Participant: 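Okay, here's the structure, questions in a sec.
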Amino acid sequence: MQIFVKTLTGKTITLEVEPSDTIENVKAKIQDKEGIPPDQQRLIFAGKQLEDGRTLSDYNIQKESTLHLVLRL
Amino acid sequence: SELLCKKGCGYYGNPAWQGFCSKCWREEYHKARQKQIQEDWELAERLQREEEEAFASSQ
Ligand SMILES: [Zn+2]
């Protein structure tokens, strides 16, 4: 399924994922397509920062769900 | 038979769509997404402003 990741600059990143994918795995995908190292990534969904060891399904992230991304400076 | 859409549009509701017809379900889904998207942006902005302050008191 695809999910969307919006940055604070208006940019939208499209990802191919599965519900059982870990947040860490999602961060690696973002690194593949945007070059951003995983440890700089802060992912947000439904009012929460996403923890690396949980799954997309743990947060009810479904098909066409949109997350937000902030970078550590 | 009276299992009409919960939004009173006149069409029949779907038990799988929590009592809504297709259109009303779709409208609710969009509004719910829009709200969480917007709120998640507010949070992200707050997080950015937190990063900017930590970077300032750093280097
Ligand atoms: Zn309806």
Side-chain angles (χ1 to χ4, degrees):
Chain A
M1 65 174 193
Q2 62 188 31
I3 62 169
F4 308 104
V5 186
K6 304 262 186 181
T7 72
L8 281 181
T9 75
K11 199 171 172 55
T12 301
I13 307 157
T14 300
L15 257 23
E16 190 60 41
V17 295
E18 299 295 333
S20 60
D21 280 350
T22 61
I23 300 311
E24 188 189 340
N25 177 257
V26 174
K27 289 175 173 182
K29 297 182 165 178
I30 289 168
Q31 179 186 39
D32 283 337
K33 54 198 323 181
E34 306 308 322
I36 317 163
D39 66 6
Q40 286 184 36
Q41 287 172 51
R42 300 174 170 267
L43 284 172
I44 286 91
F45 185 80
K48 307 160 218 286
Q49 286 189 66
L50 310 181
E51 301 177 46
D52 293 340
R54 314 288 309 201
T55 62
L56 252 24
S57 78
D58 292 335
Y59 299 102
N60 192 218
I61 289 162
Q62 295 178 248
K63 59 173 184 176
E64 291 182 357
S65 287
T66 302
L67 333 186
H68 279 68
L69 175 64
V70 185
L71 275 54
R72 297 183 157 81
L73 295 167
Chain B
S1 179
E2 17 94 321
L3 281 150
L4 299 178
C5 178
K6 207 161 184 278
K7 284 283 179 197
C9 70
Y11 291 79
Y12 280 89
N14 201 141
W17 303 330
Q18 288 169 351
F20 297 105
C21 70
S22 57
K23 289 189 186 181
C24 293
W25 176 253
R26 203 176 49 242
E27 193 178 333
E28 289 302 287
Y29 169 69
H30 291 150
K31 284 168 176 179
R33 277 175 166 338
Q34 278 160 215
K35 184 178 173 187
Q36 60 94 6
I37 298 323
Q38 286 155 204
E39 278 167 345
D40 283 347
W41 175 278
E42 300 168 21
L43 173 56
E45 257 317 301
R46 179 160 18 194
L47 268 178
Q48 185 69 46
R49 276 182 274 122
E50 186 182 313
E51 294 293 338
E52 296 295 331
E53 216 76 67
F55 188 71
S57 57
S58 201
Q59 180 169 277

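Residue numbering restarts at 1 for every chain, and letters A, B, ... go by the order of the sequence lines.
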Participant: Could you check whether any side-chain N or O of A:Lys33 sits under 3.5 Å from a backbone N or O of A:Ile13, counting only pairs where one atom can act as donor and the other as acceptor?
Facilitator: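 No; zero donor-acceptor contacts below 3.5 Å.
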Participant: Would you please say whether a donor-acceptor pair under 3.5 Å links the side chains of B:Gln38 and B:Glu42?
Facilitator: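 The answer is no; no qualifying pair exists.
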Participant: Compare every heavy atom of B:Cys21 with every heavy atom of B:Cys5, then report the nearest pair and how far apart it is.
Facilitator: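 Heavy-atom minimum between the residues: SG-N, 3.4 Å.
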Participant: Can any side-chain N or O of A:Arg72 pair as donor or acceptor with the backbone N or O of A:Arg42 at less than 3.5 Å?
Facilitator: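 Side chain of A:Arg72 to backbone of A:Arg42, a donor-acceptor pair under 3.5 Å: no, none is there.
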Participant: Linking I/L/V/M/F/W/Y whenever their side-chain heavy atoms sit closer than 4.5 Å, directly or via other members, would A:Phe45 and A:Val5 fall into one cluster?
Facilitator: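 Hydrophobic grouping puts A:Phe45 with A:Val5.
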Participant: Name all pairs fulfilling the side chain to side chain donor-acceptor pair (under 3.5 Å) condition that reach into residues 4-16 of chain A, sequence neighbours left out, sorted by first residue then second.
Facilitator: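 Passing the test, one end in residues 4-16 of chain A: A:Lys6-A:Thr12, A:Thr7-A:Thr9.
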Participant: Distance from A:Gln49 atom CD to A:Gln41 atom CD, nearest 0.5 Å?
Facilitator: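 That separation rounds to 12.5 Å.
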Participant: Please tell me whether A:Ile36 and A:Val17 are part of a single hydrophobic cluster in this structure, the criterion being side-chain heavy atoms less than 4.5 Å apart.
Facilitator: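 Yes.
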Participant: Considering non-hydrogen atoms only, spot the tightest contact between A:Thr22 and A:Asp52 and give its length.
Facilitator: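 Taking every non-hydrogen atom into account, CB-O, 3.7 Å.
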Participant: So does B:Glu27 pair up with B:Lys7, basic N to acidic O under 4.0 Å?
Facilitator: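 No.
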Participant: Roughly how far, to the nearest 0.5 Å, is CE of A:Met1 from CD1 of A:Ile61?
Facilitator: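 The CD1 atom of A:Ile61 sits 7.5 Å away from the CE atom of A:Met1.
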Participant: Would you mind listing every side chain to side chain donor-acceptor pair (under 3.5 Å) that reaches into residues 58-69 of chain A, with sequence neighbours excluded?
Facilitator: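 Checked against side chain to side chain donor-acceptor pair (under 3.5 Å) - neighbours excluded - the pairs reaching residues 58-69 of chain A are A:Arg54-A:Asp58, A:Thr55-A:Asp58, A:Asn60-A:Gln62.
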Participant: Given a cutoff of under 4.5 Å between side-chain heavy atoms of I, L, V, M, F, W and Y, with clusters grown through shared members, what are the other residues clustered with A:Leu73?
Facilitator: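 Members other than A:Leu73 - counting any ILVMFWY side chain reachable under 4.5 Å - are B:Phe55.
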Participant: Is B:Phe20 close to B:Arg26 at the side-chain level, that is, under 4.5 Å between some pair of heavy atoms?
Facilitator: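 Counting from C-beta outward, B:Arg26 and B:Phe20 never come under 4.5 Å.
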Participant: Mind checking the CD-OH spacing from B:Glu2 to B:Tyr12? Nearest 0.5 Å is all I need.
Facilitator: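 If we round to the nearest 0.5 Å, B:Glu2:CD and B:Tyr12:OH are 8.5 Å apart.
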Participant: Going only through I, L, V, M, F, W and Y residues with side-chain contacts under 4.5 Å, is there a path from B:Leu43 to A:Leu71?
Facilitator: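 The answer is no; the residues belong to distinct hydrophobic clusters.
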Participant: Looking at B:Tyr29, I want to see if its OH is surrounded by more than 12 non-hydrogen atoms of other residues, nucleotides or ligands under 6.0 Å.
Facilitator: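 Above 12, so yes.
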Participant: Provide the closest heavy-atom pair for B:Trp25 versus B:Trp17 in the form atom of the first, atom of the second, distance.
Facilitator: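 So the two residues come closest at CE3-O, 3.2 Å.
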Participant: Which distance, rounded to the nearest 0.5 Å, do you find between the CZ of B:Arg33 and the CG of B:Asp40?
Facilitator: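 Spacing of CZ (B:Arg33) from CG (B:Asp40) equals 11.5 Å.
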Participant: With clusters defined by side-chain heavy atoms of hydrophobic residues (ILVMFWY) lying less than 4.5 Å apart, directly or transitively, does A:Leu15 cluster with A:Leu67?
Facilitator: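 A:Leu67 clusters together with A:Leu15.
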Participant: Is B:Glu50 atom CD crowded by more than 12 heavy atoms from other residues, nucleotides or ligands, each under 6.0 Å away?
Facilitator: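 Open: at most 12 neighbouring heavy atoms sit under 6.0 Å from CD of B:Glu50.
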Participant: Side chain to side chain contact (heavy atoms under 4.5 Å, CB included), that's the test. Do A:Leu69 and A:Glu34 meet it? Break it down for me.
Facilitator: CA-CA 12 Å; A:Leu69 175 64; A:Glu34 306 308 322; over 6 Å; no
Participant: From B:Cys24 SG over to B:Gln18 CD, what is the distance, rounded to the nearest 0.5 angstrom?
Facilitator: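 Interatomic distance, B:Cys24 SG to B:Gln18 CD, rounded to 0.5 Å: 13.5 Å.
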Participant: Once you round to the nearest 0.5 Å, how far does CG of A:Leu56 lie from CD1 of A:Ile3?
Facilitator: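 So the gap between those two atoms works out to 4.5 Å.
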Participant: Does B:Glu39 CD have over 12 foreign heavy atoms under 6.0 Å away?
Facilitator: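 Check passes, neighbour count above 12.
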Participant: Contact between A:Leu43 and A:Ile30 at the side-chain level, heavy atoms closer than 4.5 Å - yes or no?
Facilitator: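 The answer is yes; the side chains approach within 4.5 Å.
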Participant: Taking the side chain as every heavy atom from C-beta outward, state whether A:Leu8 and B:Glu45 have any pair of such atoms under 4.5 Å apart.
Facilitator: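 The answer is yes, as the side chains (C-beta and beyond) meet within the 4.5 Å cut-off.
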